[PDB]
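Engineer: What would the 3D arrangement of this be:
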Amino acid sequence: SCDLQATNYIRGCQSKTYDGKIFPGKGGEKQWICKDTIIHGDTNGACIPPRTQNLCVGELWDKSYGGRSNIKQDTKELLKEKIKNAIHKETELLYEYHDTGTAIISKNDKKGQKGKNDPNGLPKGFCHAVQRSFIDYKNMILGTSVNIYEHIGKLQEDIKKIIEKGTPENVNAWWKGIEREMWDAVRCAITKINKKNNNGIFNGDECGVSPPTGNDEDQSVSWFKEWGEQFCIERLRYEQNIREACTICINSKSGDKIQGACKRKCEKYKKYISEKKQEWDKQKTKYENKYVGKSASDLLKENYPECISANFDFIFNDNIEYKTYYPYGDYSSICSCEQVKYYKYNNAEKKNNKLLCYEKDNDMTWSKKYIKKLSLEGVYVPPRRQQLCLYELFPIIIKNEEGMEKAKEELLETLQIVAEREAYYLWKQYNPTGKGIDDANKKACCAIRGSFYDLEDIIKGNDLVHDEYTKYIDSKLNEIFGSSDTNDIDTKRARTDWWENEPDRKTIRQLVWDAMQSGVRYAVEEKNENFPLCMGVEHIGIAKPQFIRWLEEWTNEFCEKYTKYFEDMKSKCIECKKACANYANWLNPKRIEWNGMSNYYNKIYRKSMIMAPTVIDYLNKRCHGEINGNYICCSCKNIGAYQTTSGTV
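Structural biologist: Numbers count the residues shown, from 1 in each chain. Take a look:
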């Protein structure tokens with residue numbers, strides 16, 4: 001039902017070149033620009049996409065010399081028609097650009113041209129590109145600190161004139177009203193491809209009925225999502241190339257090194273990351289400042305299915321020790337000739353790389369983020385759970401795609417390493433934290449047991465947090481252990497069985513516990529101290545449900561930190577006003593956490609009663625008196641009986 005210019009020539013609006021020229025052409029590739037420019041201005045932590053830099057402005061602006069708007073002597077309907085034509089031509093141009101398979105987004109990860117098409121007959125990436133382009137029209141018609149073209153700012157103020165001299169900021173409103181008719185330029189130009197196609201039916205609603213959503217309205221995030229889609233899409237291409245040269249590595253050195261095409265393919269990725277890190281580092285900092293509590297890594301992992309195998313924390317690391325140990329980061333384990341093996345405590349010669357997890361932060365807070373789907377709302381994640389030493393597990397899981405024996409073989413020895421390192425580092429955190437010596441390690445033997453159980457729940461697939469790491473680990477373990485033929489029920493029982501049982505008499509649950517004693521043995525050896533009794537136990541009691549374990553962790557901590565604050569405030573009791581400000585500053589997020597945590601307890605037990613005691617009651621038995629280094633791990637100066645009055649209103 002549109003009479004708008006179909007086989008139209010908009011001046012200056014020719015075929016796209018941002019991702020390079022369409023063959024037989026070659027080059028003209030525009031690059032992401034993140035820094036401030038004389039041409040574009042302040043980006044403000046943002047990176048301008050090449051797709052943006054090639055926007056079809058056509059008759060609205062002229063690039064000849066400095067660049068000037070033609071819009072000066074235009075009317076309101078004249079200006080709308082121009083925007084409508086420009087938008088319509090940009091979709092047409094973006095059809096060709098993707099149908100040719102020139103746009104990085106329109107590329108495949110292995111299969112040349114084969115399988116790079118969505119449900120409809122529209123090329124891979126066409127809709128995303130068109131959607132993004134539409135947002136750029138919106139932001140260009142309104143006010144933006146980034147100038148897509150050299151002097152285009154002039155156009156935005158001239159637009160003001162037209163809209164101010166019309167029937168009724170006013171333009172922020174004019175776009176609001178005009179936007180539907182502007183999006184229909186996208187839909188009606190999509191209808192045109194059907195006429196071109198034979199038995200390939202089109203109607204326009206294939207890229208959506210309405211113009212891009214709420215989240216995307218923010219140029220900054222629309223551009224960041226594109227950066228993400230492209231990074232992931234390119235990253236899987238670097239993967240395939242590493243996999244064609246490494247699984248399909250010659251020990252040259254004095255020892256096991258990659259040297260041929262494998263070194264070449266891995267270095268190509270190592271170089272790729274070295275480049276893309278600045279763009280990430282910038283856009284991460286700016287996004288997360290614009291959206292508190294929101295994670296960059298999430299905005300991407302959600303929207304783009306190619307990002308599933310991606311872990312930005314591991315790819316884009318600031319840790320020097322990591323950068324050398326994992327030189328290819330993400331694909332390090334694949335780009336390594338070195339045999340995946342955990343070395344037992346008094347194994348002659350060769351020792352494990354206790355190649356540090358990040359420095360465990362004591363100042364860290366509890367979190368309701370990265371929590372599992374199924375409600376589970378109310379539960380808080382402990383800080384020492386958040387500082388999990390399961391980093392080594394991520395590259396090795398990426399390595400083994402075919403989840404056969406080798407996958408679960410390599411995972412087992414990597415589990416033992418992860419287990420050793422965590423235990424090593426926890427001792428170094430909790431022993432310098434403890435009061436007495438026979439109390440410092442008594443406090444340490446529990447953080448260890450906690451993590452042993454949490455590490456256990458992760459593998460068993462019983463854990464309550466699918467974070468930057470554990471999310472893909474759950475997905476891959478379900479791949480490795482369960483088939484499509486066997487439901488989740490057998491899959492849960494597959495992981496639980498692998499861990500619980502097993503050459504030697506030792507089980508996978510046992511080898512992980514043995515490995516944890518080894519880490520404490522090296523930690524205590526360093527300080528020339530004696531290995532504790534709480535750590536020397538062949539067996540660890542059956543883990544309590546994670547929620548209840550974590551609820552005890554919360555309570556033990558609160559009790560200590562309360563008797564710290566309240567006591568050091570009362571002692572100082574004006575100067576109290578600053579002590580009160582601190583005590584209350586700490587306590588306010590505790591009230592939020594206690595309500596949530598104690599509410600869950602009742603939902604899972606007490607409420608529809610059911611022969612279960614109260615939250616306080618349970619914790620009263622659990623925290624009365626001194627600590628034990630095994631399953632008796634909570635202590636309070638005053639029993640929880642007062643805590644609900646302390647933590648409410």
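
Engineer: From the opening residue of stretch 477-491 to its closing one, how far?
Structural biologist: For stretch 477-491, the first-to-last residue distance is 9 Å (CA to CA, to the nearest Å).

Engineer: Next, the buried residues of it.
Structural biologist: By neighbour count on 16 or more other CB atoms under 10 Å, the buried set for stretch 477-491 is 477, 478, 479, 480, 481, 482, 491. C-beta: built from backbone N, CA, C; applies to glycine.

Engineer: Distance from that stretch to the middle of the chain?
Structural biologist: How far stretch 477-491 lies from its chain's middle: 25 Å, per CA atoms, centre = their mean, to the nearest Å.

Engineer: now stretch 215-228
Structural biologist: 16 Å.

Engineer: same deal with stretch 252-268?
Structural biologist: Stretch 252-268 has its C-alpha centroid displaced from the chain centroid by 30 Å (CA atoms, centre = their mean).

Engineer: Stretch 324-338 too?
Structural biologist: 20 Å.

Engineer: quick one: residue 449 and residue 624, what's the gap?
Structural biologist: Remark: distance between residue 449 and residue 624 (CB to CB, to the nearest Å) = 20 Å.

Engineer: Please identify which of those two sits among more neighbours.
Structural biologist: The residue with more neighbours, out of residue 449 and residue 624, is residue 449; 24 against 12, by other CB atoms under 10 Å.

Engineer: Enumerate every residue touching residue 181.
Structural biologist: For residue 181, the contact set (CB atoms under 8 Å, 6 or more residues apart in numbering) comprises 80, 84.

Engineer: What residues sit buried inside stretch 37-50?
Structural biologist: By neighbour count on 16+ other CB under 10 Å, the buried set for stretch 37-50 is 40, 43, 45, 46, 47, 48, 49, 50.

Engineer: any idea which of the buried residues of stretch 477-491 is closest to residue 25?
Structural biologist: Residue 25 has its nearest neighbour among the buried residues of stretch 477-491 in residue 479, at 41.9 Å by CB to CB.

Engineer: mind listing what that closest one touches?
Structural biologist: Contacts for residue 479 were tallied using CB under 8 Å, 6+ apart; they are residue 403.

Engineer: TSV for the buried residues of stretch 477-491, including secondary structure and distance to residue 341?
Structural biologist: Formatted as TSV, the buried residues of stretch 477-491 follow (DSSP: H, G, I helix; E, B strand; the rest coil; distance: CB to CB, whole Å):
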residue	secondary structure	distance to residue 341
477	helix	21
478	helix	26
479	helix	23
480	helix	19
481	helix	22
482	coil	27
491	helix	28
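
Engineer: Counting neighbours, what do you get for the residue lying closest to residue 337 once chain neighbours are set aside?
Structural biologist: Excluding its sequence neighbours, the residue lying closest to residue 337 (CB to CB, 6 or more residues apart in numbering) is residue 256, at 3.6 Å. Counted with other CB under 10 Å, residues neighbouring residue 256 total 12.

Engineer: In what element of secondary structure is residue 256 found?
Structural biologist: Per DSSP states H and E: residue 256 is located in neither a helix nor a strand.

Engineer: Okay, strands next: where are they in this structure?
Structural biologist: Secondary structure of the chain by DSSP state E: the strands cover 61-62, 68-69.

Engineer: Single out the most deeply packed of those strands.
Structural biologist: Of all the strands of the chain, strand 61-62 carries the top mean neighbour count, a mean of 22, counting by mean count of other CB atoms under 10 Å.

Engineer: follow-up on the earlier one: widest-spaced pair of the buried residues of stretch 37-50?
Structural biologist: Farthest apart among the buried residues of stretch 37-50 by CB to CB are 45 and 50. That separation is 18.3 Å.

Engineer: OK, contacts around residue 349?
Structural biologist: By CB under 8 Å, 6+ apart, no residues touch residue 349.

Engineer: What are the phi and psi values at it?
Structural biologist: Main-chain dihedrals, residue 349, degrees, to the nearest 10: phi 50, psi -120.

Engineer: burial of residue 408, as a residue count?
Structural biologist: Residue 408: 15 neighbours (other CB under 10 Å).

Engineer: again with the one 5 residues further on
Structural biologist: For residue 413, the number of neighbouring residues by other CB under 10 Å comes to 18.

Engineer: Can you tell me the closest non-neighbouring residue to it?
Structural biologist: Nearest residue to residue 413, sequence neighbours excluded (CB to CB, 6+ apart): residue 342, at 4.2 Å.

Engineer: how about the helices of the stretch 301-450 of the chain, start to end?
Structural biologist: Under the criterion DSSP state H, counting those that start in this stretch, helices of the stretch 301-450 of the chain are mapped to 312-315, 320-325, 383-386, 393-399, 405-430, 437-460.
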